[PDB]
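Here is the structure we will look at.
Chain letters run A, B, ... following the sequence lines, proteins first and then strands; every chain starts at 1. The basis for the numbers below is simple: all heavy atoms, side chains too, and nothing from hydrogens, waters or symmetry mates.
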Amino acid sequence: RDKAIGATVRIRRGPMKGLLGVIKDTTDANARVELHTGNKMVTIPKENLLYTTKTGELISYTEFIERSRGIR
Amino acid sequence: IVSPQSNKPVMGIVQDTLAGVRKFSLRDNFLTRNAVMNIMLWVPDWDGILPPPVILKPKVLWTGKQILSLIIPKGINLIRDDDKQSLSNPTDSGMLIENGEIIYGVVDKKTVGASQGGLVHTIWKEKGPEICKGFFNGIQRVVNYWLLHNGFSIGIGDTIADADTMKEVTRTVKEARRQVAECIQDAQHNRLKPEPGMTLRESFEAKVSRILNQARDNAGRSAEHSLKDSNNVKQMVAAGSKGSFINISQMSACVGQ
Amino acid sequence: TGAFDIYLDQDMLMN
Amino acid sequence: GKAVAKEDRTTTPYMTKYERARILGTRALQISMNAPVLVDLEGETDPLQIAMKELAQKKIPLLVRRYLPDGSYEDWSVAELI
Amino acid sequence: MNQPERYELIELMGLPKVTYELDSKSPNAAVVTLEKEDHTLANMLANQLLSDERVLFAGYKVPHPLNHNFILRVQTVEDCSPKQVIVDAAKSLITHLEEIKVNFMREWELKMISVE
Amino acid sequence: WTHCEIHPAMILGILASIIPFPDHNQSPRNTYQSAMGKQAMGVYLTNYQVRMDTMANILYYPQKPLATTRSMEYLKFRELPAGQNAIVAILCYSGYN
Amino acid sequence: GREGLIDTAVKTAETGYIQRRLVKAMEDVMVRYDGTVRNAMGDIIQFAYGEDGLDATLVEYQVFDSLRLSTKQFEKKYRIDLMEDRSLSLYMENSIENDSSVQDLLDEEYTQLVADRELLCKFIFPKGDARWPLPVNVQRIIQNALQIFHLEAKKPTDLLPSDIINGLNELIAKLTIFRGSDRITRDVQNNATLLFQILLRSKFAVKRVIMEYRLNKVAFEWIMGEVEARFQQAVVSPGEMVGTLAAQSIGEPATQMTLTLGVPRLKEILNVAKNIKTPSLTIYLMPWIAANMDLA
Amino acid sequence: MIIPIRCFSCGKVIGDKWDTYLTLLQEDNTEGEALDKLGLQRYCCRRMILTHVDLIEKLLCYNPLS
Amino acid sequence: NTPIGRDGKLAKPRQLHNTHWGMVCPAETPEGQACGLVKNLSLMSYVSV
Amino acid sequence: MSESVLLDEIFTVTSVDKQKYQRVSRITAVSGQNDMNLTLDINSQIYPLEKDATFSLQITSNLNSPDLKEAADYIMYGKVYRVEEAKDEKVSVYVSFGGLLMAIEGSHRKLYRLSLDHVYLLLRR
Amino acid sequence: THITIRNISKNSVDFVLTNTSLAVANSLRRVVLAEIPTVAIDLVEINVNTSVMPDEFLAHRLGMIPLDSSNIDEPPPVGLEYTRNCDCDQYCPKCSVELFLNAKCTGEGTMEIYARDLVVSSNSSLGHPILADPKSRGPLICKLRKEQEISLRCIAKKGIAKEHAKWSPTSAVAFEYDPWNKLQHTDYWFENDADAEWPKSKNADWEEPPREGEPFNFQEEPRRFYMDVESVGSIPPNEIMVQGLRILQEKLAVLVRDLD
Amino acid sequence: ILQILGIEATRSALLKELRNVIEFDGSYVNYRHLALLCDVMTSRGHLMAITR
Amino acid sequence: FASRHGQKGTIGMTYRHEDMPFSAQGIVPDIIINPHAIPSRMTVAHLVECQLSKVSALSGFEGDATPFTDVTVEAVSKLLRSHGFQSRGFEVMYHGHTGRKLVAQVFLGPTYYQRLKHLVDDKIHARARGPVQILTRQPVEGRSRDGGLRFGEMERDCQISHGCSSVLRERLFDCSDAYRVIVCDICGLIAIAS
RNA sequence: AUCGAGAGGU
Ligand SMILES: [Zn+2]
């Protein structure tokens, strides 16, 4: 059960940088993401996505894993 | 491409490609170096050699028939005489293809349609389905490029016949009305001999139907004859791509009975 | 296409 | 059903279009299931193309058992068919 | 749903901008494929090439409107190469556009001064 | 004459009255337009915002036709039109039409 | 226009039912490997598909030249009299003037040609129709030979009459549809290829092959081989579903028929209606009566 | 609905002329004269002012409040 | 709606009658099985109560 | 040294027909000694030929010579696709320049060199 | 070469291009209509929208609004970069402009929201809506009634009309040549008289009419083109022309660099 | 025709009337299909109606 | 999309502003329709509408297209010519790709078009595998429910006339409701198989 | 899910 699925994300790098969306599905490498505009649906590498937290911050992918591990 | 139902092709050149191949193969269609040399890139399996121009001076030019013949495979022979006099038609009718080269004749449904004994049937039978497919592709691509850069259109001005032609149509219809009037008068005085095995009412109805049909056809003939060869409706009719004489007559002269 | 049956020719499979 | 002698065969000596389609399909299906290929491969990956090139060299090891309406049949090699 | 992204008209996605190959069927003939380019460049390039005497053949095509690119086939005389004539035509066009630019700017300044 | 017609154009229905110059067409074309005008997208009611219909299709920027029939005033097609005035060229351009 | 729309909406269903009925009646009729057309019960429907055993796809219209020629013109175009005629050697590299055996071959040729013309004019096409779909476009193959070999009309040919006769006879012997050493197999083969043989003999008469086409040995051999190959390509393949193909070929044009004539008449024919809308007779009178109005 | 920002064909900005167009009409100007005064020369750009229907105003009448 | 059989092929009820002038729309009628059976009142046609 | 000149004559134009096409016209012409008849389709737009105009017509098998090509005012490249010999010694030759038809009818003596092959037509006014 | 400017307006330039091939004139027209960069609202983040206008309706309307794009090709902070090329996480002053629309109708009447109601983040004169009408409002965005609110943030990026017609700085390019058809590049359609049935253009007075008796000139080519470039407002017409000529040059230069 | 002239004459009449129906419009169907229909309808000695 | 004259079509291709034919004013059409649609259908009302709409867009007066009026095409032509246009509605257009002036003059003008409720995305459907009916165990019906397409009687007939026995076997057995049973060789009835 | 009715598409 991936922790990324259902998480709001924006596209970091690439031609579609700056678009908001929600990760509907996730493979090991890429995440299948539901963009909010134009009923669009894309596949974007997990490393290419800024993730939105509860406080409105945008975090990197590695930051997301480090947050999900819960070690502290 | 060729079906067993009528032992003839079921596929052919249609609509824009047909109209544009009628316009492309006209005698006075001259292509300049630029146009021929852009078209060559659309010829499938082009061997890389420019066909020699048919006019060398004062201006270097190719013809539509010459360029179109590059799409017909070598070893295709086709004769189609519309008149049985000479191979020197002043009107460029008929069709002569020798070893894949068009000698004379405008290319139409009579040549590239799904007609029996035409270019498609000949190419299929002689060369094979694959080479016939190649012919389809090549002719479509070449004529589509040329027509894209030539343009073909139609408007409300092509349904209009000049004033004299409308006088002709009006006089035809007036004479038909007159004839029907004396027919009614005669039928009202038992002066109309019933046709064998036909009651008087039926015979009168048939007579008036013939008169009115003939009036419509005469008006349509006048309208079509008045129309020019630059007329878009007549261009489409001559190509065989869409329409016919009935449509021209109904749009221009008289809808009829 | 099914108006006949296909068999192996073992004489050819030897060679 | 009685097999007809090779000399007594009366059917056409040519491969019918239906026979050609069936033979190519059957050989391609067998190749796709790892049947040894009886022709040199130049890097072809489609079993149907491999079967086609086997046919061109008459290297398909198959027979056609053509049945006559009464039940007697003739076996024709794909190699000997024209 | 099956729409292509319009940025695909401007992004190479790893494709090379220019591809140059030698046409084997014909001597001294080359095919140049330009990706994410259209009639704007191709038309003027082919016309400039045909202003040149060393150019026997110069044509271009867009194989499909749904792919943004165009092919340009050029054949030259035996003493020259297609690549050299293409480069010379491109340089000549650059210079020509430069005079167009300079003269436009000069005329615009004169006209505006006239307005005042 | 015992009577006289107020206007012949009144022999037409709702949708046949939206066709411009229906008397210059072949009649099955008039029938086809009468059938297809029902499926045209426009604004069906002004209160479609507050209506929770099962299905609704709304045109962004509906325009009233440039060529209109006098019967349109009573059908209120200008008020709630279902189309747009497009610049149309009748041309063979690339063979994709 | 309303009538037109109604006619469309009714004719569609009428023809759909007609086509389903047609296909169901002939779905099982197939060409067998012995050349016969039989249904699923083995009952013979035809002894040779189309009575000639050819695929309808591969046939093309050919004109029978000898049919409409007069006896004088037929003689002129086909009769060779070396005793009276010397122009033949003008067209040939080898002199055959006053040759006995060659004249005997020409006489046998002309007797066969006259028999073929009699059979055409009296038994096959008494109405005088000449254009009929046959296998192989022989005229097109002849044109291909003229073009391919650059045949100069002014160059005498090396073809002897015996070469032409032997080549045409061997070709005709190689147009095998039915195979077997029996007697009725020979009869059916001859019947199946009879019309094609007549056309071939009218096309490749020695007088035509020499004085008209100016063929040479290489061109003639190429024509013979090409005709043989094309004919062997026209033979209907065993296992073809000729019944369903015929059903579809008849039904498809019915969808464009005029809804007695048209779909109603087709429905009357197909159901074998004992009572039809327009019973009629076509009584033909005697030749002397039919040529006068009063006796009629 | 509301007047489009740009023309569909010419791409000219017409979304800043609807009020001016209506005001011109109020001043006893024909629609043709008003379009002329707005500098709309291309008939493609003219058709969109001519044939625009303002459904926004009717949609604003269903205000949940008064 | 005319409750005639929509499968039975009776062209006469489907046809446009002379008396339909001014009462029913000559053009507006569906294409298909209900052609001519489903009709639409003209603009000024009044049905008595 | 002009073995390639299959024909060389002078022709006077008697009629011109420009009713069917806008860019092509059919000219009828007669030789100086009324022993040939020519009907030629020409691109009248780039090379008009009025009625009663004299012009030298040449038919060659190639353009190797520079002087023949340079002097010619109009050059076409066609194929001789039809030849017939009349029963009265006359020969008629029909040529097709990519669709533009030429019919030259004359004496066998001087039309004997026109065979069914590609040829060049050179007009010079 | 040469250029003659016949007229200059606030929104268009009408000139004559001479001593040029038709291919170059057409490429100038195409590049001016297709490939000149411009700044336009691209991404809309909507917090409150209680108007009758759907959200994407509003977004599309906002994207259509022309923003000042002059000097958008100069290096930042004078111009902009494509956000795809820029190194910012999502956007920044180098590759974007921020606009804000916060409107609320508390009165009784109807509140008309125009382009002047957009608030632009101050980093340059780039991205500022063009207010060209006499009242300096710009395009009418929306209309509201009492208690209806809009609150949204727009991110305007760089682009060209190939990706979306909103990035186009020109409305239409008038383009004519050979007003007398001396070259017969078109076969005029007519019923009785083509000359009488086809109106003469205004550019016909800038060329000498055909001389009676002159032979058809079959070697001549079109070398005089009457062009008119009309701007949307974002870029002045002269800058549009200069930028088109720069873009064509740069395409050719990329070709040369890649081949060499 | 079947009761008067027999079954072969019936097959010929079937063929003629089928061709009259089909070719009235100007269309053409190959003789093989009409002949096969007639032979199926006459194979068993009487007219087999194409119906249930 | 459709006109008000029975002229229905689908979009086959879209071209951008630069690639479409233009007039000397720079007018680019929104829609390009084929000439061949006009002659056979004889929808002259479409052409009269286009000419009248052009006149009304130029003059601003609304166009009366009411039937049975004295509005003739000649009067509309005179009105159109009064605006400096070719009276019959033709315009010299230039090629977008090359800027060259088309040999033919185009019939160009405004026409009222309608977007129809038939959108391609509402219709596009593809099935590989999915739900089957409970009773017959065949692909269910309907796009909305992930159903298969019907291989009917006429399609079976077409594949029979083709002679493709394996195509029929695949379509009707391997791709729809393949099933296996065990039969008793003595009584020929389905057996109890574990 | 099933059944029935209706509106439509080619
Ligand atoms: Zn940035």
Side-chain angles (χ1 to χ4, degrees), chain B residues 14-15, chain F residues 13-16 18 28-42 44-45 53-57 82-83 97, chain G residues 1 4-17 19-20 251-252 254-256, chain I residues 1-8 14 25 27-41, chain M residues 1-12 34 36-37 40-41 43 113-127 130-155 158 177:
Chain B
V14 296
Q15 289 184 355
Chain F
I14 298 291
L15 291 177
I18 294 161
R29 297 290 137 186
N30 289 338
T31 308
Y32 295 155
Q33 171 43 32
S34 300
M36 276 179 322
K38 301 176 180 72
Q39 290 146 42
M41 278 182 203
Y44 65 94
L45 285 182
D53 291 313
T54 303
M55 278 201 181
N57 287 280
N97 51 356
Chain G
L5 298 160
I6 298 161
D7 298 344
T8 297
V10 174
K11 160 173 141 197
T12 180
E14 292 287 321
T15 299
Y17 186 32
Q19 178 145 340
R20 192 172 100 76
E252 197 274 333
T255 57
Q256 294 82 17
Chain I
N1 184 58
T2 313
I4 310 294
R6 256 184 203 166
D7 303 297
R14 298 171 171 269
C25 187
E28 195 177 343
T29 195
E31 293 83 3
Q33 65 182 357
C35 187
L37 303 177
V38 182
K39 299 172 201 164
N40 289 265
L41 295 166
Chain M
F1 296 79
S3 191
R4 287 181 290 167
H5 314 274
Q7 298 275 331
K8 45 160 171 304
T10 55
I11 292 172
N34 219 226
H36 291 92
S40 160
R41 294 181 174 91
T43 53
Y113 262 66
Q114 305 160 329
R115 190 151 146 85
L116 304 185
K117 76 176 258 187
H118 304 291
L119 308 195
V120 59
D121 281 333
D122 301 357
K123 292 158 173 26
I124 183 165
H125 178 52
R127 178 185 164 119
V132 302
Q133 293 179 356
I134 297 89
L135 175 60
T136 59
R137 295 194 183 182
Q138 303 186 351
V140 303
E141 169 184 1
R143 183 179 63 83
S144 55
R145 186 177 65 247
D146 199 289
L149 286 171
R150 177 154 177 75
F151 196 67
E153 308 287 80
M154 303 175 103
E155 294 84 39
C158 285
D177 53 17

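- If you walk RNA chain N from 5' to 3' and mark each nucleotide with an atom closer than 4.0 Å to a heavy atom of chain M, the marks span N:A1 to N:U10.
- Between M:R137 and M:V132, the shortest heavy-atom distance links the atoms C-CB, 3.7 Å.
- Of all non-hydrogen atoms in I:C35 and G:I6, the two that sit nearest each other are SG-CG1, 4.4 Å.
- The shortest non-hydrogen separation linking M:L119 to F:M41 is CD2-CE, 3.9 Å.
- For the side-chain hydrogen bond (donor to acceptor under 3.5 Å, both in side chains) test, no residue two or more places apart in sequence or in another chain qualifies with I:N40.
- The side-chain hydrogen bond (donor to acceptor under 3.5 Å, both in side chains) contacts involving residues 33-42 of chain F comprise F:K38-I:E28, F:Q39-M:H118, where partners must be two or more places apart or lie in separate chains.
- Comparing I:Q33 and M:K8 by the nucleotide of RNA chain N whose heavy atom lies nearest to each, the residue mapping closer to the 5' end is I:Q33.
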